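Shown below, as structure tokens, is a lone chain in the form solved without ligand VUO; questions about how it binds or moves come after it.
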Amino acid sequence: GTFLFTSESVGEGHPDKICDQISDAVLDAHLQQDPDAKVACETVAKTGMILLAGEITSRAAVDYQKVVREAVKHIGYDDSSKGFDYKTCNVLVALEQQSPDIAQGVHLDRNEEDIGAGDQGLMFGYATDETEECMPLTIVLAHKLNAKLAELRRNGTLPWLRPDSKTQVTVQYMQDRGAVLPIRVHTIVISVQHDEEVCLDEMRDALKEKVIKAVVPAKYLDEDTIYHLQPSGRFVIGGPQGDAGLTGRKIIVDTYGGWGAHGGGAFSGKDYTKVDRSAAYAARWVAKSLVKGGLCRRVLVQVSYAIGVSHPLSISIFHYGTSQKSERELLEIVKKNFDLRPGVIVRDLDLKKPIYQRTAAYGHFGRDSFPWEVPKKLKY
């Protein structure tokens, strides 16, 4: 019954993640002034460049140069020695208003509760009782390893660290009638951008002792655990200089790490009318509510929409064999307890609030008791 499963995560300075954070910094800046801003902000990053491309219709007055540069500063790219500098990079803007054809078909002259979905598409929510936060241990550990790197970089413990990092954790699991039980950590990968002076052995030792041991419980690590620490051997060039980044290129790191499923939509840079984000958040809320409500040990939820139509076109449940109730019964409980129209989700999950940049690194789920992480008490 044992098997392996692998998930990854990336740091705040990974170039795709830089784009997600900037996209969400732009969204938040708009929402601070105009709670009804229509935002679809893509970000692209390459050597010395942040480009914003997309569509925004808003009453806010946003200083894009300031918002972008402040987000880059927060990440830690503040000097040409690190490969990227918020003070001196190029910020290019190719932002237009939202298409009037989309606006008229989605929200113009519509009662908010009855606004149409901002696009068609499919979205999934997932929850697993293997951790208290109802997330896969593989991705929780991978996120915490990146967070630890950023912590040691920021506190000056490991001053040779740079913001760009990736981690990957393979866990050996057992299964019990569809639920999954972590046994041990089989393999860990860590790659992190570093300065020109530190040697490989100093980095590998610090990664094992100060990073992995500070995050992963010793009970999961043993003589057989495989460690791939700085496996490329050298990672001085990094950030956008090493690899072009784009918004919405870490959608599995943003969600469930390979577990469950994904509908394809990116979250960052989008207001609530874009169901790629709001309905995925609501589907996480449903899944977590079914697990915390004791109806199942793990569950996957699908929802789908058509542009301009408020009610979902379909809702589906996969409980992996972890409920005594059938999937048909769980679906009925979901339909009796939730209303997944985007104009209702916005109210339940408070999706006009400018907290989106906080979601754009370390996963959107299983952290900080955001509204979609607080289970709904179910009636049936």
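Note that residue numbering begins at 1 and tracks the sequence as displayed.
> Taking the recorded C-alpha temperature factors, which stretch has the higher mean, 131 to 139 or 174 to 182?
Replying inline: Looking at the record's C-alpha B-factors, the answer is 174 to 182.
>> Tell me which stretch has the larger mean Cα B-factor in this entry, 195 to 203 or 270 to 278.
In response: Mean B over CA atoms: larger for 195 to 203.
> Reading the B-factor column of the entry, which of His228, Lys144, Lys292, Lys250 has the highest value at its C-alpha atom?
Replying inline: Of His228, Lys144, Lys292, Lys250, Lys292 has the highest C-alpha B-factor.
> Whose CA atom has the top B-factor in the entry, of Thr43, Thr47, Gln33, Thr57?
Replying inline: Each of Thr43, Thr47, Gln33, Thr57 was compared by C-alpha B-factor; the highest is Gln33.
>> How does the C-alpha B factor of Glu12 compare with the rest of the chain: lowest, middle or highest third?
In response: According to the entry, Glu12 has a C-alpha B-factor in the chain's middle third.
> Of the three thirds of its chain by CA temperature factor, lowest, middle or highest, which one includes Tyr380?
Replying inline: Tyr380: CA B-factor falls in the highest third of its chain.
> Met123's Cα B-factor: lowest, middle or highest third of the chain?
Replying inline: Its C-alpha B-factor belongs to the lowest third of this chain's values.
> Mind checking which third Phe370 falls in for C-alpha B-factor across the chain?
Replying inline: Tercile = highest for this residue's CA B-factor.
> By the record's CA B-factor, is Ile333 among the lowest, middle or highest third of residues in the chain?
Replying inline: For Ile333, whose C-alpha B-factor we compare with every modelled residue in the chain, the answer is the highest third.
One more form of this protein exists, namely the form deposited with ligand VUO bound; it is left out here, but the text below deals with it.
> Which of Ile115, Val140, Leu158, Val185 has a heavy atom within 4.5 Å of ligand VUO in the deposited complex?
Replying inline: None of the others qualify; the residue that does is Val140.
>> Looking at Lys144, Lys210, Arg204, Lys292 here, can you tell me which has any non-hydrogen atom within 4.5 angstroms of ligand VUO in the deposited complex?
In response: Selected option: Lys144.
> With a 4.5 Å heavy atom cut-off, would you call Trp372 a contact of ligand VUO in the deposited complex?
Replying inline: Contact check for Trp372: no, nothing within 4.5 Å of ligand VUO in the deposited complex.
> Is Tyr362 close to ligand VUO in the deposited complex, meaning a heavy atom pair under 4.5 Å apart or at it?
Replying inline: Residue-level check for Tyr362: yes, a contact with ligand VUO.
>> Test of understanding: in the deposited complex, would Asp129 fall inside 4.5 Å of ligand VUO by heavy atoms?
In response: Although ligand VUO is absent here, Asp129 would stay clear of it in the deposited complex, with no heavy atoms inside 4.5 Å.
>> Whether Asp78 contacts ligand VUO in the deposited complex should be assessed with a 4.5 Å heavy atom distance threshold; does it?
In response: Heavy-atom contact with ligand VUO at 4.5 Å: absent for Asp78.
> Taking the partner as it appears in the deposited complex, which of 79 to 87, 195 to 203, 132 to 140, 220 to 228 has residues with heavy atoms within 4.5 Å of ligand VUO?
Replying inline: The contacting stretch is 132 to 140.
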